[PDB]
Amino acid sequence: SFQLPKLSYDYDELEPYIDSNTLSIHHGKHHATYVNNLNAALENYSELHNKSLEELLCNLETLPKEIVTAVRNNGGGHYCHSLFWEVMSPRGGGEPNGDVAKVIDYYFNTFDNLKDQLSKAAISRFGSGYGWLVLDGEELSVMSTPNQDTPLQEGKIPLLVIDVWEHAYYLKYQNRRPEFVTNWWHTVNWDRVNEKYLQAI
């Protein structure tokens, strides 16, 4: 039922920021595996077949105990990676544009300050996880999550995410997570972020 989304670009089109082999494995093995495991967990619970990915991740307590973890982990993996691919682009980078640029300045004063704060949140996530920009009411804030956990469980709406699982960066950057994060800003699709923000409100 859940499907692996096609990327908007080819596996070599985020070079040199993200290497081609990594993008192909990260999408075609890691993300594909979360989708397949999510579908396996839900196969035999047809009462859940019409839940959207968001509904599942917003209501994890109410699932059968046999599958809550599988849905948390693989549903999370599906959600997080799907957003990650959407917010990068072969012609991204630079400063925010559109309506969201304005709300960014409102809450962070400058874009450079947002970049500093999200970068710190991502680098400071110990072990596997993500850094996030979220809408919490009218407010923009930065946070991190462990593993494939998401902000939806907390009522916050993701606009932008960076994957700091070691698989996201180890082939090119090895232990140098901060160098990966510095490079990742060059890929950011501010057009798509602005679309996510409008959707959110």
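For every residue, the number given is its place in the sequence shown, counted from 1.
Query raised in the report: Which has the higher mean CA temperature factor in the PDB entry, 65-73 or 22-30?
Result: Averaged over C-alpha atoms, the B-factors run higher in 65-73.
Report task. May I ask you to compare 134-142 and 158-166 by their mean CA B factor in the entry and name the higher one? Result -> Stretch with the greater average CA B-factor: 134-142.
Query raised in the report: Reading the B-factor column of the entry, which of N36, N44, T150, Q174 has the highest value at its C-alpha atom?
Result: Answer for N36, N44, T150, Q174: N44, with the highest C-alpha B-factor.
Query raised in the report: Going by the entry, which of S128, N97, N109, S82 has the most elevated CA B factor?
Result: Answer for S128, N97, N109, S82: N97, with the highest C-alpha B-factor.
Query raised in the report: Within this chain, which third does the Cα B-factor at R91 fall in: lowest, middle or highest?
Result: Tercile = highest for this residue's CA B-factor.
Requested in this report: Relative to the other modelled residues of the same chain, rank the CA B-factor of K102 and answer lowest, middle or highest third.
Outcome: It falls in the top third of the chain.
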